[PDB]
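Numbering (the authors' numbering) for the sequence shown: 0 to 169.
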Amino acid sequence: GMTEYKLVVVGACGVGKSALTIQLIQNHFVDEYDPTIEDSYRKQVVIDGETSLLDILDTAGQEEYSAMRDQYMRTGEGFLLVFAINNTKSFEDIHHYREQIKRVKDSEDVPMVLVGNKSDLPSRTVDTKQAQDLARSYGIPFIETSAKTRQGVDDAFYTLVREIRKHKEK
Ligand SMILES: *CCC(=O)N1CC2(CCN(c3nc(N[C@H](CC(=O)NC)CC(C)C)nc(-c4cccc(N5CCOCC5)c4)n3)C2)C1
Ligand SMILES: Nc1nc2c(ncn2[C@@H]2O[C@H](COP(=O)(O)OP(=O)(O)O)[C@@H](O)[C@H]2O)c(=O)[nH]1
Ligand SMILES: [Ca+2]
């Protein structure tokens, strides 16, 4: 059989949301992607031996509110909380994303994965300890990734699917 999962990729401008998504769906790195393009993307993969259809919303745009975001916040089953390891404010922003997702779900138990992207870059400003401890406090996995090299990209998305599977079992 197969299973479909509705995923949402959130995080500050420029953390690599589109780059991660495109690495997953097209298997290569894109340097330039219009920051105003918010859209969902479908992709069939195989995760732990089961065919998995991913429906991924790559959040974007300058708008405070988006009908598409609203829809996926309601129906999305899992959320990728992305920050760039060289941008401290993007890490500080993670709290605000998690808080909003929890409120719309009216639940403290929403499948999420914390993603520290741009792990290839030398000049990091967010310590791995901070991120590990944050994820620890949230009770969620932390995966380090690089959309550029593709390091950890499948792990981030597949880990999120595994978290969804656990949540559906409850
Ligand atoms: C460069 C473009 C890009 O990739 N961007 C800009 C954004 C778009 C989504 N962003 C965002 N979104 C929210 N809230 C969303 C609300 C919504 O659309 N509901 C239907 C829901 C999220 C996506 C789960 N919030 C923020 C945000 C970030 C940091 C601080 C705040 N403040 C905190 C203080 O109180 C006011 C909100 C909000 N950003 C950015 C991704
Ligand atoms: N070095 C490096 N650059 C990245 C990585 N991921 C994204 N970028 C770059 O960061 C910028 C923003 O990426 P983008 O996918 O547009 O971020 P978004 O605004 O969160 O969708 C682009 O110039 C990308 O090429 C990464 O893992 N490593
Ligand atoms: Ca984007």
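All residues carry an ideal CB built from backbone N, CA and C; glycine is no exception.
Practice task
Using the Cα positions of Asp108 and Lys101, report the straight-line distance between them to the nearest angstrom.
Solution key: 8 angstroms
Exercise for the section: Please check the pair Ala146 and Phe28, which I expect to be a contact at CB under 8 angstroms, by giving their CB distance rounded to whole angstroms. Expected result: 6 angstroms
Practice task
Just the C-alpha distance for residue 171 and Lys128, rounded to the nearest angstrom, thanks.
Solution key: As shown, the chain starts at 0 and ends at 169. That puts residue 171 outside it, with no answer to give.
Handout entry: the segment 109-124 / the segment 55-73 touching (three or more Cβ pairs under 8 angstroms)
Key = no
Exercise for the section: State yes or no: is the C-beta of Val112 within less than 8 angstroms of the C-beta of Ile139? Expected result: yes
Exercise for the section: Would you be able to state if there are at least three C-beta pairs under 8 angstroms between the segment 79-93 and the segment 30-42? Expected result: no
Exercise for the section: Write down the C-beta distance between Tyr71 and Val114 rounded to the nearest angstrom, noting that I regard them as a contact closer than 8 angstroms. Expected result: Contact flag wrong, Cβ pair sits at about 17 angstroms.
Practice task
Check whether the Cβ atoms of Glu31 and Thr2 sit closer than 8 angstroms, and answer yes or no.
Solution key: no
Exercise for the section: Would you list the one or two residues that DSSP bridges to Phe141? Expected result: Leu113
Exercise for the section: Locate the beta strand (DSSP E) running through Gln43, then write down its first and last residues. Expected result: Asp38 to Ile46
Problem - Cβ-based burial, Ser17 [other Cβ within 10 Å; buried from 16] - result: buried
Practice task
Measure the alpha-carbon distance for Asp154 versus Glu143 and round it to whole angstroms.
Solution key: 9 angstroms
Handout entry: Contact test: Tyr4 Cβ vs ligand 1 heavy atom, cutoff 7 angstroms
Key = no
Exercise for the section: Name the two residues that bound the continuous alpha helix (DSSP H) containing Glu91. Expected result: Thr87 to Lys104
Handout entry: Three-state secondary structure assigned by DSSP to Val160
Key = helix
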